[PDB]
Each structure stands twice: as C-alpha cells, then as structure tokens.
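Taking the form deposited in one PDB entry, here's one chain by itself in structure tokens.
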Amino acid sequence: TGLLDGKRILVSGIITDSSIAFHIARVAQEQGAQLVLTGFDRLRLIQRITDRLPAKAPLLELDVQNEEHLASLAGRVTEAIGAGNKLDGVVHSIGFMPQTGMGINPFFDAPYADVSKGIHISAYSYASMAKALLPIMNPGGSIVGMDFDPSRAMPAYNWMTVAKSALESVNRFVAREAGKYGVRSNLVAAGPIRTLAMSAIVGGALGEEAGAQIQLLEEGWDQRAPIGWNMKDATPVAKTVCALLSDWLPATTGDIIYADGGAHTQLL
C-alpha cells in the first residue's frame, strides 16, 4: 500500500549506516518494496549494517570493476528474487575517486590512472549496471543514479566533478537503451550529505583547506536553499529516489531531479 508496493528493487552502494543508499533502502522498504542489495568488498560489514533495515534483503557481491561479477549479476539476482520474477527498480549509489583526484592535492597532479579508476566506478559503471540488469527489468521500471551537480566548478571536488559530468552524459545514453525495455533512467542530484567520509573530509582527511571549503559549501547551500538544507538528513534524498522508482514520474527519463533544497536555482 506504500508508494512502492509490490516492486522489486536492487539497491547498490551501502557501506555504512550513513550511506545515502542505506536511507534509500530503508524508505523503499517502508513503502512496500522488496529489495535485493549489492555490496562492495566488505560484505560482512555490509550484512551487519543492513541487518538494521526494517526487512530482510539478500546481499549480493558486486565490484563494478569486476567483469565476472557483472556477467553473473542478473543470474544471481534472479536466483535471489526467484525465477520468473524481474526487477522493477535499480538504484546506483556508487562513487569513488582516489585522494589524488579530490581534496587539496592540486588538480593538475592527479595521475590519469587514478582519474580513470574514479570515472570507471563513478560513471562508466552506471552503463555497466544497466547493461547487466535491463534484461531482467520489467516494463515501467526505473533506474536511478546519484549525482552531485557538476555544471559549475568548485574547490576541492576536482576530478570527482569531472566524473559526475561524465555520469550525467552516460545517463542520457542509458535512457536511450532503457527505453527499448520500457524502463526510465534518471539521476538525483542531491545536496551535500554528511556521510562518514564527509565528516572525515571536514575533519581534514583530505587536507585542511578542503575541509574548510566543504564547511563553506554546506553553509552556503542551506542559505541559498529556499526551503533550507539539512546535511545531516538523507531522508529527503531517499524520498526523491523513491518518487523516481514509483509510477508517478512516468514521462521523465534521461533527466536529473534536484533534491537539494532548491539551492541550484538561487545565486545567493
């Protein structure tokens, strides 16, 4: 009876209880969705974290840089949700950039191997996951990825900005493919969320100046947002992802929905 009643949804990207994907998973389950989860590398940790979700959900291993994992993924999902069943939704909440590509390390000093790894995980993998899963998605389905608005440059975000610009472009091409299946593809551009790592960066993990810059970004964000922005609360973001996973945005694809308090619409 919830927003997502009866829907089978794959959620990637949980690593801590502060992960945006954890909150996406929690809200989707509150709204009646049946989930399959995917996790990278630390599956014991991730199972222990996801035990706290309101309902049980199978956890599958997925390193998006691993071709074998991607080749087997649809079969492993079908095993978890049962033969003859398909997915209605896929959430990509995956991002990574080596520390040379973010923070106080100069923009020009990031080696391309590092940048390439970040773009692989943060942008190309959105296509990789759609390739793997569209064959087991139902018409009317929905693929959602997470974005951080890269239309303008900003301090420290550096090559991760570039990776997000690439992701936005990938999403428009994934929509062309997904459309053949009756499936939508979209991104949610979220405001800053104080995940574990972000608090670590604010605390200086990538250099003092980067931490200072993020605090400034956060303060400015809430100021600009006409309805404000609470960086400690991922729930408005998770709700937005569930809106796109639902039946209520049926004519939106290849697009970007901004769950950012309206900040990007305001100069000051």
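Basically, rigid core = biggest C-alpha set you can superpose within 1.5 Å across the two forms. Numbering starts at 1 and follows the sequence shown.
If you look for the form deposited in another entry, you will not find it shown, but the lines that follow are about it.
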**Prompt:** Which of these moves by 2 angstroms or more at the C-alpha between the shown form and the other one, core superposed: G203, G228, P54, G32?
**Reply:** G203
**Prompt:** Would the C-alpha of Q213 be classed as shifted by 2 Å or more between the shown form and the other one after rigid-core alignment?
**Reply:** yes
**Asked** Given that the CA-CA distance for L167 and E209 shifts by 3 Å or more in that other deposited form, does it become closer or farther?
**Response** farther
**Fill in**
Relative to the shown structure, Cα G118 and Cα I201 in that other deposited form (3 Å or more change) are closer
